[PDB]
Amino acid sequence: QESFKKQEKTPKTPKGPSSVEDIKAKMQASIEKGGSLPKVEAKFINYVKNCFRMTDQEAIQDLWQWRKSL
């Protein structure tokens with residue numbers, strides 16, 4: 001394995017999986033491209049159900065704790 005490290009194009013890295021890892025990738029897109037992400041639970045839940053096919057309340061609170069762990 002070998003290096004050349006002269007250009008390797010520009011960074012951008014688009015991401016969107018089948019499950020809560022899409023929510024995590026789209027949280028990065030909001031806090032980078034939009035600069036901001038919601039900081040209070042009921043507005044953040046509105047945003048999560050706007051950004052994904054979210055239905056599992058146990059995964060919603062697991063994700064809210066993961067978003068507060070930032």
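Don't overthink the numbers, they just go from 1 along the chain as shown.
Structure determined by solution NMR.
Yeah, the Cβs are placed from backbone N, Cα and C, and that goes for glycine too.
Annotated in Swiss-Prot:
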CROSSLNK  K6  SUMO cross-link
CROSSLNK  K24  SUMO1 cross-link
CROSSLNK  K24  SUMO2 cross-link
CROSSLNK  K26  SUMO2 cross-link
CROSSLNK  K33  SUMO1 cross-link
CROSSLNK  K33  SUMO2 cross-link
CROSSLNK  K39  SUMO2 cross-link
CROSSLNK  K39  SUMO cross-link
CROSSLNK  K43  SUMO1 cross-link
CROSSLNK  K43  SUMO2 cross-link
CROSSLNK  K49  SUMO2 cross-link
MOD_RES   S3  phosphoserine
MOD_RES   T10  phosphothreonine
MOD_RES   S18  phosphoserine
MOD_RES   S19  phosphoserine
MOD_RES   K26  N6-acetyllysine
MOD_RES   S30  phosphoserine
MOD_RES   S36  phosphoserine
MOD_RES   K43  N6-acetyllysine
MOD_RES   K43  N6-succinyllysine
MOD_RES   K49  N6-acetyllysine
MOD_RES   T55  phosphothreonine
MOD_RES   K68  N6-acetyllysine
REGION    19-70  region 'Required for nucleolar localization'
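Projection of Swiss-Prot feature records onto the structure.
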residue: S3; record: phosphoserine; Cβ neighbours (10 Å): 5
residue: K6; record: SUMO cross-link; Cβ neighbours (10 Å): 5
residue: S18; record: phosphoserine; Cβ neighbours (10 Å): 7
residue: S19; record: phosphoserine; Cβ neighbours (10 Å): 12
residue: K24; record: SUMO1 cross-link; Cβ neighbours (10 Å): 14
residue: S30; record: phosphoserine; Cβ neighbours (10 Å): 14
residue: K39; record: SUMO2 cross-link; Cβ neighbours (10 Å): 9
residue: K43; record: SUMO1 cross-link; Cβ neighbours (10 Å): 10
residue: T55; record: phosphothreonine; Cβ neighbours (10 Å): 8
residue: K68; record: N6-acetyllysine; Cβ neighbours (10 Å): 10
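Comparing CA positions across the recorded positions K26, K39, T55, the one lying closest to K33 (SUMO1 cross-link) turns out to be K26.
Counting other CB atoms no more than 10 Å from each candidate's CB, the recorded sites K26, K33, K49 peak at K26.
Of all the Cβ atoms in the protein chains shown, 5 others lie within 10 Å of the Cβ of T10 (phosphothreonine).
You'll find the Cα of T55 (phosphothreonine) roughly 8 Å from the Cα of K49 (SUMO2 cross-link).
For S36 (phosphoserine), the Cβ neighbour count at a 10 Å cut-off comes to 8, with all displayed protein chains included.
Across the region 'Required for nucleolar localization' (19-70), DSSP assigns 37 helix, 0 strand, 15 coil. Here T10 (phosphothreonine) is compared against the recorded positions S3, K24, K26, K39, and the shortest C-alpha distance is to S3. Annotation: no recorded positions among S3, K6, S18, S19, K24 have CA atoms within 10 angstroms of the CA of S36 (phosphoserine). For the pair formed by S30 (phosphoserine) and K24 (SUMO1 cross-link), distance between Cα atoms is given as 10 Å, rounded to the nearest Å.
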